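Participant: Fold the stuff below for me.
(chains A, B and C, ligands or ions: 18)
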Amino acid sequence: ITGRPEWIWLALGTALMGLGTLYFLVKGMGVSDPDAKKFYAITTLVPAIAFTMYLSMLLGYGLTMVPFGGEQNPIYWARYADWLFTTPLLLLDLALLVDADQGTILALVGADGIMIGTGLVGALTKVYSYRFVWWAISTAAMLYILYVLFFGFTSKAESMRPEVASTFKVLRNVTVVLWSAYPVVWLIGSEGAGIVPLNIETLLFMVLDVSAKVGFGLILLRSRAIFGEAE
Amino acid sequence: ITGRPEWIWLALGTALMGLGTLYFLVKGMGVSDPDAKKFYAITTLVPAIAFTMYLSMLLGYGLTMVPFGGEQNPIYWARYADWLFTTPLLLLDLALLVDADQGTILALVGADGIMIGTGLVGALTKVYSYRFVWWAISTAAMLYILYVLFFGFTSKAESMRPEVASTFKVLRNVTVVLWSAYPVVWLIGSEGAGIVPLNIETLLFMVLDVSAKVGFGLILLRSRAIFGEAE
Amino acid sequence: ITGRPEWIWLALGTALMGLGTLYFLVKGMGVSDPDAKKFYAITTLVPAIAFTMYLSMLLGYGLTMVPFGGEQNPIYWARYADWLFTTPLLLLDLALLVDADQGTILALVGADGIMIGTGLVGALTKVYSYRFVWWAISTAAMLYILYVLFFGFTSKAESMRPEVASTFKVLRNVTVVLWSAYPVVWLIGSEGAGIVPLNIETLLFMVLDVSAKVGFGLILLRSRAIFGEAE
Ligand SMILES: CCCCCCCC/C=C/CCCCCCCC(=O)OC[C@H](O)CO
Ligand SMILES: CCCCCCCC/C=C/CCCCCCCC(=O)OC[C@H](O)CO
Ligand SMILES: CCCCCCCC/C=C/CCCCCCCC(=O)OC[C@H](O)CO
Ligand SMILES: CCCCCCCC/C=C\CCCCCCCC(=O)OC[C@H](O)CO
Ligand SMILES: CCCCCCCC/C=C\CCCCCCCC(=O)OC[C@H](O)CO
Ligand SMILES: CCCCCCCC/C=C\CCCCCCCC(=O)OC[C@H](O)CO
Ligand SMILES: CCCCCCCC/C=C\CCCCCCCC(=O)OC[C@H](O)CO
Ligand SMILES: CCCCCCCC/C=C\CCCCCCCC(=O)OC[C@H](O)CO
Ligand SMILES: CCCCCCCC/C=C\CCCCCCCC(=O)OC[C@H](O)CO
Ligand SMILES: CCCCCCCC/C=C\CCCCCCCC(=O)OC[C@H](O)CO
Ligand SMILES: CCCCCCCC/C=C\CCCCCCCC(=O)OC[C@H](O)CO
Ligand SMILES: CCCCCCCC/C=C\CCCCCCCC(=O)OC[C@H](O)CO
Ligand SMILES: CCCCCCCC/C=C\CCCCCCCC(=O)OC[C@H](O)CO
Ligand SMILES: CCCCCCCC/C=C\CCCCCCCC(=O)OC[C@H](O)CO
Ligand SMILES: CCCCCCCC/C=C\CCCCCCCC(=O)OC[C@H](O)CO
Ligand SMILES: *C/C=C(C)/C=C/C=C(C)/C=C/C1=C(C)CCCC1(C)C
Ligand SMILES: *C/C=C(C)/C=C/C=C(C)/C=C/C1=C(C)CCCC1(C)C
Ligand SMILES: *C/C=C(C)/C=C/C=C(C)/C=C/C1=C(C)CCCC1(C)C
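Facilitator: Numbers count the residues shown, from 1 in each chain, chains lettered A, B, ... in the order given. Ligands and ions are numbered 1, 2, ... in the order given. Sure, the structure comes next:
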């Protein structure tokens, strides 16, 4: 495993997702409020699935070689199996916080599915120029998600409990900044133009993934907004 | 891409699914009624996922070669990844229109999963005679779905708002006729007996797919039945 | 098909899952109570998906060869495609019986996903020692599920209708005993240490699968607990 230079970042990612999972699991012990239980379940699942996929990349299972540009290129496909399930869970935490209507939840989850599925097709496409077609369609689906989070969700939170509104605004801003960096890393890294080497690309996705999953969860699960209003 | 004769129908399919997606997206702008939003989300997602899969077949990603009958046969597997998600969404539009109970929705979606999953196993099976075993099991699951749509759903719609009943009856009849043609095309085309060439088979599925997705959606989203009754 | 010694158990499994599906389908004819319909839909789907996967193993589609330990080893991967959908359906029957809160249902289904997904990664891993790492992570996710079924669910059932409590207690005990045997069979069989031959391993999983699906369903669907209380 140590033969690949990016191993150290996969190992550190594995450890941090593991530790984040155990922390949120212990913290959610004994919570009995039904609304809080939903947020603890969603939020604890997200680093638990990322732990399994980081471990699969560390041990070499989650890597394949894709020929493009006359080379055999190493593509970590397990990233997409993680993000297929973890990105809609993160969006569901936001939508539940603002009591989003069911049609908006379905639009967000379906656009997220299209973003990750087209990202995976782009990562495994053997004709170099067509990789960037799939990157553009996936980016258009991310822009729809970010538009709804600012022009659908923001206007509803501002009519709810003040602690729900302030917590949503922080997590919305966290999400828009961190998720917007992923298409840029892909475009400049090994899957795209090849300017940044795989070892630095792996470091960048590790910092983004721990921030967007464990950092986001620490903010949400310390908030009063996840409990029902009660005496 | 132009080396395959069926390319023109894949390109036309891509364009029509793309145009249908953009039309329904613009039309659903500003709709604020929660019931209408659910139907716009479901109905807009369906040509958006079909657009991505038609594009994957145009560019060659969604094609594999399966050896059977002593030949290498071209099988477009991306059709099944589209229909795995788009066929239950179309059934959910019908079920929501009639306020179907949750047990019936689960039976319809699960039978649909079995229909498409066994269709895919049949399309990729290398022993020729066994392809038709999977076709028969998939057809039996389609007959269950059509039985419920006529002997479960029809009897509930007739007790609801008149505009919900008339709109359901039209979309039910559209769905029964168009979906019944898919097993016949598969059986006579490249996946089955091989009587109709792949270029004509691709034309037939394009006409069916645009009719069952964009045609169905134009009927539903122009109806008063998708809005709640309000003053 | 008869060239593999385990064929007879795959054929018997196919038949029993087929017969169980047809029995539950006929029995659920005419049931009109909405709560009972949910349990019939969930419970009938489970042997129907297992029938398709047993048939795929009988015909040879659901088998692949994985090199580990210097051999090419036969791994029936279709077991995991069955259990990915059938194990959360069985857990949903239990959760609905006790009216479990939505956060607990999500935790159970997500832990179940992690159990089966890591089991599949373990079954297809080519480095022998790492197969047992994935077995341990999957077993830890099963222990979480069993903890919730005894220390979350048992305490809620005891506050509901007496027939719901007694039926849950029986099905909980059935589930804990039969599901705990699966990791032991995997560890001693072809996927693991290789002490028990594939033909006996296949017999063991057939007896467990029919008991945990058709046996469990016969107990549940004969119970008064699946109907709403009504005059
Ligand atoms: C939260 C507290 C922790 C804060 C931590 C945030 C750091 C995020 C990582 C960043 C990029 C740095 C990557 C290291 C740069 C190596 C690039 C390089 O030097 O390549 C040289 C090559 O030889 C010729 O260009
Ligand atoms: C809605 C308004 C639009 C209406 C449009 C509906 C048409 C649907 C397509 C049909 C089949 C026609 C396929 C073309 C037939 C070619 C078959 C053929 O001629 O093969 C000849 C071969 O050389 C010896 O058999
Ligand atoms: C519900 C009523 C039905 C009750 C049925 C429950 C049986 C479950 C199966 C069990 C294991 C028996 C497997 C047969 C044992 C064969 C092992 C063997 O003998 O291997 C010999 C080898 O030559 C040297 O060890
Ligand atoms: C080094 C440590 C390794 C890291 C751990 C390995 C992760 C894979 C194992 C298990 C799934 C465990 C459960 C995941 C679901 C927990 C959901 C939850 O917390 O639900 C709370 C809610 O309140 C309930 O009602
Ligand atoms: C593979 C990619 C897709 C699967 C990945 C899993 C991610 C979560 C799934 C779906 C959102 C579906 C809609 C669920 C929103 C319901 C929330 C709500 O509005 O409330 C309903 C509840 O009944 C009030 O108590
Ligand atoms: C309400 C639920 C909404 C659900 C929204 C989901 C939409 C998914 C969209 C797109 C891409 C699907 C791509 C399928 C990925 C297959 C890639 C693969 O595995 O290819 C293997 C091999 O290399 C080649 O044969
Ligand atoms: C709204 C927040 C989300 C927005 C996210 C989308 C932003 C995409 C931006 C830019 C593309 C810049 C293209 C630069 C690529 C040129 C690569 C190249 O070929 O140059 C070779 C290299 O630079 C020689 O050293
Ligand atoms: C040539 C044009 C190409 C075709 C376009 C590329 C398709 C892939 C891109 C994006 C997903 C965009 C969003 C799909 C989900 C829209 C859901 C919706 O409309 O929801 C309305 C509801 O009212 C809300 O609350
Ligand atoms: C991969 C194949 C499966 C996944 C493909 C995605 C297709 C849509 C999924 C599921 C239907 C599940 C049941 C949902 C029906 C609920 C509708 C209802 O009855 O109303 C509930 C709501 O709470 C009242 O406001
Ligand atoms: C409530 C939710 C209900 C959900 C109902 C879903 C039931 C799905 C049924 C069947 C077929 C599954 C077939 C699995 C397809 C794998 C095909 C494949 O990819 O094979 C690749 C390669 O060629 C070989 O190793
Ligand atoms: C209820 C609505 C849905 C019903 C959908 C199911 C209908 C299936 C019907 C028929 C099979 C006809 C079989 C014809 C195939 C014979 C092919 C053959 O071998 O003939 C060679 C060729 O004809 C020499 O030119
Ligand atoms: C030898 C016999 C072979 C075995 C049979 C082949 C299985 C694959 C075929 C079909 C799916 C049929 C329907 C599966 C879903 C049934 C759900 C149900 O029973 O729902 C009842 C509920 O009351 C409703 O409202
Ligand atoms: C691929 C692995 C995952 C997919 C496999 C399919 C298995 C079933 C799925 C999900 C449970 C999601 C939560 C559903 C629990 C809702 C039940 C409930 O509490 O009641 C709600 C209803 O609105 C009151 O009438
Ligand atoms: C609320 C919903 C909760 C959902 C919880 C789901 C968590 C799934 C976890 C893990 C493993 C995923 C493993 C992906 C399996 C891919 C195996 C494969 O097909 O590999 C093919 C080939 O051999 C190699 O390239
Ligand atoms: C709580 C209910 C669920 C608990 C489920 C987890 C139980 C796992 C137990 C034990 C491992 C025993 C290990 C024995 C394996 C040693 C194999 C070996 O190498 O021995 C060679 C062979 O015995 C020469 O004939
Ligand atoms: C837990 C990990 C998270 C929040 C990952 C987020 C990932 C995305 C927002 C990925 C976006 C992509 C594009 C928009 C285009 C090209 C490739 C992707 C998949 C990296
Ligand atoms: C959007 C596309 C739609 C509505 C596609 C519908 C597809 C089916 C009804 C497919 C049916 C099949 C059979 C019943 C048996 C054999 C093969 C299939 C998958 C073509
Ligand atoms: C219908 C079939 C059922 C109920 C199957 C249950 C399967 C499991 C509980 C499987 C468990 C596993 C482990 C806990 C670890 C290693 C391998 C598995 C997937 C066999």
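Participant: all strands of chain A, in order?
Facilitator: When assigned using DSSP state E, the strands of chain A occupy the ranges A:63-68, A:71-76.
Participant: Please tabulate the ones you listed in JSON lines, including the columns distance to residue A:164 and mean neighbour count.
Facilitator: Every C-beta, even on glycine, is put in place using the N, C-alpha and C of the backbone. Formatted as JSON lines, the strands of chain A follow (distance: least, CB to CB, whole Å; neighbours: other CB atoms under 10 Å in any protein chain shown):
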{"stretch": "strand A:63-68", "distance to residue A:164": "42", "mean neighbour count": "14"}
{"stretch": "strand A:71-76", "distance to residue A:164": "37", "mean neighbour count": "16"}
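Participant: Most proximal residue of chain A with respect to ligand 13?
Facilitator: residue A:85 (8.7 Å; CB to the nearest ligand atom).
Participant: Around ligand 6, pick out the residues from chain A.
Facilitator: A:106, A:109, A:110, A:113, A:114, A:117, A:118, A:120, A:121, A:124 (CB under 6 Å from any ligand atom).
Participant: Could you check how far the residue nearest to the first one when sequence neighbours are not counted is from residue B:226?
Facilitator: If you skip the residues right next to it in sequence, residue A:106 has residue B:41 as its closest partner in space, 4.4 Å away by CB to CB, 6 or more residues apart in numbering or on different chains. Applying CB to CB, to the nearest Å, the value for residue B:41 to residue B:226 is 11 Å.
Participant: how about the residues of chain A near ligand 1?
Facilitator: Within chain A, the positions near ligand 1 by CB under 6 Å from any ligand atom are A:200, A:203, A:207.
Participant: Of those, which belong to helices?
Facilitator: With helices defined by DSSP state H, the entries of these inside them are A:200, A:203, A:207.
Participant: residues in contact with the second one?
Facilitator: When contacts are counted by CB atoms under 8 Å, 6 or more residues apart in numbering or on different chains, residue A:203 is found next to A:6, A:9.
Participant: Go ahead and confirm the residue of chain A closest to ligand 13 touches residue A:49.
Facilitator: Yes: between residue A:85 and residue A:49 there is a contact under CB atoms under 8 Å: 5.4 Å.
Participant: Quick check: neighbours shared by these two?
Facilitator: residue C:113.
Participant: who has more neighbours, the two?
Facilitator: Neighbours per residue (other CB atoms under 10 Å in any protein chain shown) separate residue A:85 from residue A:49, with residue A:49 holding more: 23 against 18.
Participant: quick one: the more buried one and residue C:111 touch, right?
Facilitator: No: using CB under 8 Å as the test, residue A:49 is too far from residue C:111 to be in contact (10.6 Å).
Participant: Could you give the number of residues near residue A:7?
Facilitator: There are 16 residues near residue A:7, going by other CB under 10 Å.
Participant: Not counting residues beside it along the chain, what's closest to it?
Facilitator: Nearest non-adjacent residue to residue A:7, counting by CB to CB, 6+ apart: residue A:1, 5.5 Å away.
Participant: And that neighbour, how far from residue A:9?
Facilitator: From residue A:1 over to residue A:9 (counting by CB to CB), the distance is 12 Å.
Participant: Same drill for the two, tell me which one is more crowded.
Facilitator: A direct count of neighbours by other CB under 10 Å for residue A:1 and residue A:9 places residue A:9 higher, at 21 against 12.
Participant: That one: what's it in contact with?
Facilitator: So residue A:9 contacts A:199, A:202, A:203, A:206 (CB under 8 Å, 6+ apart).
Participant: now the residue sitting nearest the centre point of chain A, nearest residue through space, not along the chain?
Facilitator: Geometric centre of chain A, nearest residue: residue A:87, 4.4 Å, by CA atoms, centre = their mean. Excluding its sequence neighbours, the residue lying closest to residue A:87 (CB to CB, 6+ apart) is residue A:112, at 5.1 Å.
Participant: And the residue of chain A closest to ligand 18?
Facilitator: Nearest to ligand 18 in chain A, going by CB to the nearest ligand atom, is residue A:52, at a distance of 13.2 Å.
Participant: ok, that residue touching residue C:118?
Facilitator: Yes: at 5.9 Å, residue A:52 counts as touching residue C:118 under the criterion of CB under 8 Å.
Participant: overlap in contacts of those two?
Facilitator: By CB under 8 Å, 6+ apart, residue A:52 and residue C:118 have these common neighbours: residue C:137.
Participant: okay, those two: which has more neighbours?
Facilitator: Each of residue A:52 and residue C:118 has its neighbours counted (other CB under 10 Å); residue A:52 has more, 26 against 22.
Participant: can you tell me which residues contact the residue of chain A found nearest chain B?
Facilitator: Sorted by distance to chain B under CB to the nearest CB, the residues of chain A start with residue A:103, at 3.2 Å. Residue A:103 makes contact with B:34, B:36, B:37, B:38, B:39, B:40, B:41, according to CB under 8 Å, 6+ apart.
Participant: mind redoing it with 7 Å?
Facilitator: By CB atoms under 7 Å, 6 or more residues apart in numbering or on different chains, residue A:103 lies in contact with B:34, B:37, B:38, B:40, B:41.
Participant: Could you turn the buried ones of these into a PyMOL selection?
Facilitator: Applying 16 or more other CB atoms under 10 Å in any protein chain shown to these, the buried members can be selected in PyMOL as follows:
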select buried, chain B and resi 37+38+40+41
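Participant: So which of the contacts of residue A:103 belong to helices?
Facilitator: Secondary structure from DSSP H places B:34, B:37, B:38, B:40, B:41 of those in helices.
Participant: Could I get those residues in JSON lines, plus columns for distance to ligand 3?
Facilitator: Shown next, in JSON lines, are those (distance: CB to the nearest ligand atom, whole Å):
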{"residue": "B:34", "distance to ligand 3": "52"}
{"residue": "B:37", "distance to ligand 3": "52"}
{"residue": "B:38", "distance to ligand 3": "48"}
{"residue": "B:40", "distance to ligand 3": "53"}
{"residue": "B:41", "distance to ligand 3": "49"}
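Participant: Let me know the closest of those residues to ligand 1.
Facilitator: Nearest to ligand 1 among those is residue B:41, at 37.0 Å by CB to the nearest ligand atom.
Participant: wait, that closest one sits on residue A:105?
Facilitator: No: if you go by CB atoms under 7 Å, residue B:41 and residue A:105 don't touch, sitting 8.5 Å apart.
Participant: Common neighbours of the two, please.
Facilitator: By CB under 7 Å, 6+ apart, no residue touches both residue B:41 and residue A:105.
Participant: of all of chain A, which residue lies closest to ligand 16?
Facilitator: Nearest residue of chain A to ligand 16, counting by CB to the nearest ligand atom: residue A:119, 2.7 Å away.
Participant: Report the contact partners of that residue.
Facilitator: Taking CB under 7 Å, 6+ apart, we find residue A:119 in contact with A:80, A:138.
Participant: number of nearby residues for the closest residue to ligand 7 within chain A?
Facilitator: Using CB to the nearest ligand atom, the closest approach of chain A to ligand 7 is made by residue A:180 at 3.8 Å. Residues lying near residue A:180 (other CB under 10 Å) number 13.
Participant: how about it, what does it touch?
Facilitator: So residue A:180 contacts nothing (CB under 7 Å, 6+ apart).
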